Each structure stands twice: as structure tokens, then as C-alpha cells.
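S.K.: Before we start, here is the structure in question, set down as C-alpha cells.
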Amino acid sequence: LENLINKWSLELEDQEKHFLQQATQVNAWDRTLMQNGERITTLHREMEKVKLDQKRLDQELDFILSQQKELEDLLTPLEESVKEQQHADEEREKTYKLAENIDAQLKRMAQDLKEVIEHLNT
Amino acid sequence: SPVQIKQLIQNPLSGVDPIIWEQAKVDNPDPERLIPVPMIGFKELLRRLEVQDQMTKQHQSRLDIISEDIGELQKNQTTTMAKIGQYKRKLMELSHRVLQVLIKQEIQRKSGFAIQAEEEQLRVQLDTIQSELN
Amino acid sequence: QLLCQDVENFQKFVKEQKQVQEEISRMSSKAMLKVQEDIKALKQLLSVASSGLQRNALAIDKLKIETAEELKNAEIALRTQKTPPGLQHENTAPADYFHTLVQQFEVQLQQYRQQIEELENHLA
Amino acid sequence: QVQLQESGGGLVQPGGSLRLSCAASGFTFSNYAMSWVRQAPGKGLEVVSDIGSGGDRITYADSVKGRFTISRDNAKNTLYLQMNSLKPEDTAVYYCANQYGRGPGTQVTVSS
């Protein structure tokens with residue numbers, strides 16, 4: 001009747017230290033869960049911000065396309081009309097062709113340096 | 001809340017020792033966004049455990065969505081880099097095509113004119129540039 | 001022992017507290033720790049992405065400006081054609097174009113030389 | 001060889017209206033930009049209106065802004081000029097042209 005009380009009172013001297021262990025680790029785990037939600041929330045808002053910046057780039061890129069399309073539509077008729085067309089006229093042609101070539105060279109050099117850097121930042 | 005915190009994290013609550021309760025206040029990891037709340041019994045201990053699982057369940061679900069929006073971003077990024085490569089190329093093309101038209105116009109509209117001074121100053125500036133790269 | 005069945009009021013409870021203690025003993029943190037890892041991982045992907053986003057956002061503004069400068073230059077050509085022979089001597093814009101063009105050339109190979117050295121130093 | 005012939009000119013009272021034409025030949029008109037140019041006998045050349053190959057990229061001199069309208073039919077190789085609310089100062093020879101040539105002209109007098 002009474003010796004039993006010595007069992008349950010020794011179980012409680014076996015379940016108390018469990019409780020404290022558990023409560024300690026709960027206070028630890030729930031700290032993790034709070035860090036998570038905080039870091040999740042921060043992540044999410046940057047994720048939306050970057051979405052925005054991306055869409056801005058998409059818009060600028062559409063704009064550029066429109067600009068370039070405008071530029072070609074403006075340029076082909078000039079090219080055609082100018083197509084249906086002397087010491088000075090021959091010398092002047094050398095002078096301005098020299099410019100055409102130089103521009104052709106410097107653009108190649110540009111294009112080549114870019115492709116090198118493309119192979120670089122890989 | 002403002003003062004009201006101070007007005008209810010004291011004295012202790014539901015039979016908590018005034019000494020252990022005071023130890024939680026100082027051992028508080030983020031008193032800016034949290035208060036000590038007594039949890040008595042293995043039941044509140046499990047209740048808290050199950051809340052953790054529910055929220056971690058929600059946490060993981062966001063990360064899967066967000067993960068989704070990264071792949072989209074990454075692919076959006078690669079497309080963007082590609083269009084940049086084209087449009088630089090087109091621009092380089094168009095730019096040179098314009099220089100060709102302006103040139104044809106110059107020769108034409110100056111037909112039968114003396115070579116002219118400022119025109120011979122280009123020649124030099126152009127010849128020195130061709131030489132500077134050879 | 002008359003109403004002392006309050007030992008049954010101390011038997012059923014001990015188990016309740018024992019069978020929950022076992023439930024606590026069963027739970028782990030592994031999932032909560034994936035969440036922790038996954039966050040650090042996605043931060044890393046987002047960061048490289050947003051870095052490259054700024055890199056070629058610069059590429060895009062430079063491109064937009066230049067396309068716009070070149071659109072102006074084509075409008076010069078259109079102005080030249082429109083102008084009749086009697087007013088061509090007042091068409092000074094083509095001259096400004098070419099004068100601007102050669103100083104742009106001079107500025108270009110200076111950059112390209114500079115870019116070359118940087119690229120050599122980047123290799124050593 | 002750019003060949004241009006204009007017409008539709010005449011003598012009108014202040015406030016009057018007129019519509020000029022320029023027939024183009026010897027060149028693929030649809031690809032070229034065109035101008036209307038004028039000269040009063042004492043003064044110098046003044047462009048009054050421009051237009052691009054496709055009838056876009058139009059411009060006007062402030063003098064005639066709101067009063068003149070420029071247009072073209074590429075199919076009939078024809079350049080037009082509506083002139084409304086005409087003034088004595090609009091009195092001149094009206095040429096149609098680009099950098100490659102111009103026509104004989106067509107006289108426009110607005111009496112005073």
C-alpha cells in the first residue's frame with residue numbers, strides 16, 4: 001500500500017530530469033524555428049525585389065529592340081537610294097574609305113576582346 | 001506592446017518559481033520580439049513540438065516555391081545575356097552601315113570640289129591611326 | 001482503502017505523462033534542419049544571380065545609350081538627303097560626325113590597349 | 001538622274017488655299033526623302049517641309065507650321081503640298097527637291 005509510493009516517487013525522480021532535458025531542447029528548437037521564419041521572410045522579399053529588377057531589364061530590352069528596329073527601317077531606304085549614286089573625288093574616296101576600314105578593324109578588335117572575356121568569366 | 005510587457009512579465013505566472021522565472025528573463029535570446037511564457041507539463045511541451053512541425057511544414061513549402069522562382073530567374077538571366085549578345089552585334093552592324101551611308105553621301109554631295117583643307121586633315125589623323133595599330 | 005481508489009487517479013495520469021514523454025522522444029529536428037540548410041543554399045543562388053543581374057544591367061544601359069546615339073546619326077543621313085543642293089553648304093552636321101568619329105577612334109584603341117594590359121595582368 | 005516637275009501654283013488672295021504636286025521620274029522615288037523648298041526673288045532658299053520615304057518623319061518650318069501639310073503617293077511617284085491660310089509672305093517660287101536635284105519650280109503669289 002505504501003511501498004508502492006516509493007516506486008512512483010522514484011519514477012518522478014526519473015521523469016523530472018527528462019522534463020528539464022526536453023524543455024531545454026524545446027527552447028532550443030523553437031529558437032531555430034524563429035531564425036528560420038525570419039530568414040525565410042528576408043529571403044522572400046529579396047526574391048521579389050530581384051524579380052522586379054529582372055522585369056525592368058526585360059522592359060529596357062524590349063525598348064532597345066524597338067529602337068534597333070526603328071534604326072534599320074530608317075536605314076534601308078537610305079542605303080537603297082544612296083545606291084543609285086575626279087582627282088579630288090578619287091582622293092576623297094580614299095580618305096573616307098580609310099575611315100570605313102578603321103571602323104571595321106576597331107569593331108573586330110572590340111568583338112574579339114569581348115569573346116575572350118566571355119571565355120574568361122566561365 | 002510597450003510598458004504592458006513589463007506589466008505582465010512580473011511577477012511570475014502559473015506557479016513558476018520567482019527565481020527560475022527571473023532567470024528566463026535574462027536568458028531571453030531576443031527580448032525585442034519575445035517574452036518569457038511559462039510552459040507547464042509534458043503536454044505544452046508536445047504542443048510546442050507540434051507547432052514547430054506545422055510551421056516547418058509551411059517553411060519548407062515556401063522554399064519550394066522560392067526555389068521555383070530561382071530556376072525561372074536563372075533561365076531568365078541566361079536569356080537576358082543572350083539578347084544582350086545579339087543586340088550588341090546588331091548595333092555594331094547598324095553602326096557600321098550608317099557610317100557607310102554618311103560616307104557615300106559625303107562623296108556624292110561634294111562631287112567635283114577641290115579636296116579641301118579640313119578633309120586633308122582627316123587623312124593625316126586617319127593615316128596616323130592606321131599606323132598606330134600596325 | 002475505502003475511497004482510496006485515488007491511486008487510480010494517480011495511475012492513469014502517470015502513463016499519460018509517460019506516453020507523451022515517449023512522443024517527445026520520437027520527434028526529431030531533421031526537417032527543421034533542411035529548412036535551415038535550404039535557406040543558406042537559396043541565398044547563395046540568388047546572390048550569384050543578382051550579381052550577374054547588375055553586371056549586364058550595366059551592359060544594357062550602355063547599349064541603350066549607344067543605340068540612341070546611332071539613331072541620331074542615321075537622322076543626320078536623312079537630313080542630308082532632304083537638303084537641296086543650294087543649302088548643302090549649310091549642312092555642317094556630317095562634318096561634326098566625322099570629326100567626332102576620329103576622336104572616338106583615338107579614344108577607342110587607347111581603351112583597347114588598356115583592356116589588353118589588364119587582360120595580361122589578369123593572367124600572370 | 002533625278003527628274004522632278006512641279007505644278008499647282010498660281011495667284012490667290014490672302015487666306016486662300018492651294019495644293020501643289022511634284023512628279024518624280026528617273027529614280028526609285030519610294031526610297032528617297034523629299035523636300036519642298038521656296039525662294040522669294042530677293043531672299044535666300046528656305047525649306048518649308050520635309051518628309052521621309054514612307055511618308056513618316058515629317059517636319060515644317062515654324063513659318064508654315066499649322067498652315068501647310070506635306071504628303072506623297074509612292075505608287076504614282078508624286079509629292080503633294082497643301083497650303084492653307086496663305087499670306088503675302090508665302091509668295092515665292094516653290095521647288096520640290098532632295099540633295100540629288102530639284103525641279104523648275106511653280107510660282108505662288110499671294111496678293112496684298
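Following the order of the C-alpha cells, first chain is A, next is B, and so on, with residues numbered from 1 inside each chain and ligands from 1 in the order they appear.
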How close does chain A get to chain C? List, as a Markdown table, each residue of chain A within 9 Å, its nearest atom pair and the distance in Å to one decimal, counting only C-alpha atoms.
M.R.:
| residue | atom | partner | partner_atom | distance |
| --- | --- | --- | --- | --- |
| A:8 | CA | C:14 | CA | 8.3 |
| A:15 | CA | C:18 | CA | 8.1 |
| A:18 | CA | C:21 | CA | 8.0 |
| A:19 | CA | C:21 | CA | 8.0 |
| A:22 | CA | C:24 | CA | 7.7 |
| A:29 | CA | C:29 | CA | 7.4 |
| A:32 | CA | C:32 | CA | 7.7 |
| A:33 | CA | C:32 | CA | 7.0 |
| A:35 | CA | C:36 | CA | 8.6 |
| A:36 | CA | C:36 | CA | 6.4 |
| A:39 | CA | C:39 | CA | 7.3 |
| A:40 | CA | C:39 | CA | 6.8 |
| A:43 | CA | C:43 | CA | 6.9 |
| A:46 | CA | C:46 | CA | 8.6 |
| A:47 | CA | C:46 | CA | 7.4 |
| A:50 | CA | C:50 | CA | 6.7 |
| A:53 | CA | C:53 | CA | 8.1 |
| A:54 | CA | C:53 | CA | 7.4 |
| A:57 | CA | C:57 | CA | 6.7 |
| A:60 | CA | C:60 | CA | 7.6 |
| A:61 | CA | C:60 | CA | 7.4 |
| A:63 | CA | C:64 | CA | 8.2 |
| A:64 | CA | C:64 | CA | 5.8 |
| A:67 | CA | C:67 | CA | 6.9 |
| A:68 | CA | C:67 | CA | 6.7 |
| A:70 | CA | C:71 | CA | 8.1 |
| A:71 | CA | C:71 | CA | 5.8 |
| A:74 | CA | C:74 | CA | 7.3 |
| A:75 | CA | C:74 | CA | 6.8 |
| A:78 | CA | C:78 | CA | 7.3 |
| A:82 | CA | C:81 | CA | 8.8 |
| A:99 | CA | C:102 | CA | 8.1 |
| A:102 | CA | C:105 | CA | 8.0 |
| A:103 | CA | C:105 | CA | 7.6 |
| A:106 | CA | C:109 | CA | 7.2 |
| A:109 | CA | C:112 | CA | 7.7 |
| A:110 | CA | C:112 | CA | 7.4 |
| A:113 | CA | C:115 | CA | 8.1 |
| A:117 | CA | C:119 | CA | 8.6 |
S.K.: Using only C-alpha atoms, select each residue of chain C with any atom at most 7 Å away from an atom of chain D, and give the selection as a tab-separated table (two decimals) with N, CA and C atoms, in the first residue's frame.
M.R.:
chain	number	residue	atom	x	y	z
C	80	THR	N	20.59	65.01	-94.56
C	80	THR	CA	21.44	65.31	-95.71
C	80	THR	C	20.68	65.12	-97.03
C	81	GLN	N	20.05	63.95	-97.20
C	81	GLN	CA	19.23	63.67	-98.37
C	81	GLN	C	18.14	64.73	-98.60
C	82	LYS	N	17.43	65.10	-97.55
C	82	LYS	CA	16.35	66.07	-97.65
C	82	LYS	C	16.84	67.42	-98.15
C	83	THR	N	18.03	67.80	-97.71
C	83	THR	CA	18.57	69.11	-98.02
C	83	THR	C	18.84	69.24	-99.50
C	84	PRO	N	18.34	70.31	-100.14
C	84	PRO	CA	18.64	70.52	-101.57
C	84	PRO	C	20.03	71.08	-101.82
C	85	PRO	N	20.56	70.93	-103.04
C	85	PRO	CA	21.95	71.32	-103.35
C	85	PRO	C	22.29	72.75	-102.96
S.K.: Return the neighbours of chain D among the residues of chain A, cut-off 7 Å, counting only C-alpha atoms, as a PDB file with C-alpha atoms, in the first residue's frame.
M.R.:
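Final output, saved to selection_21.pdb:
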ATOM      1  CA  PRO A  77      15.780  53.155 -97.756  1.00  0.00           C
ATOM      2  CA  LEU A  78      18.796  55.385 -97.326  1.00  0.00           C
ATOM      3  CA  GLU A  80      18.994  51.833-101.434  1.00  0.00           C
ATOM      4  CA  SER A  81      18.527  55.429-102.609  1.00  0.00           C
TER       5      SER A  81
END
S.K.: As a PyMOL selection string, could you give me every residue of chain A near chain B (at most 7 Å apart, counting only C-alpha atoms)?
M.R.: chain A and resi 19+23+30+33+37+79+82+86+88-89+92-93+95-96+98-100+102
S.K.: Could you work out how far atom CA of residue C:15 lies from atom CA of residue C:2, giving the answer in Å with one decimal?
M.R.: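 Atom CA of residue C:15 lies 23.8 Å from atom CA of residue C:2.
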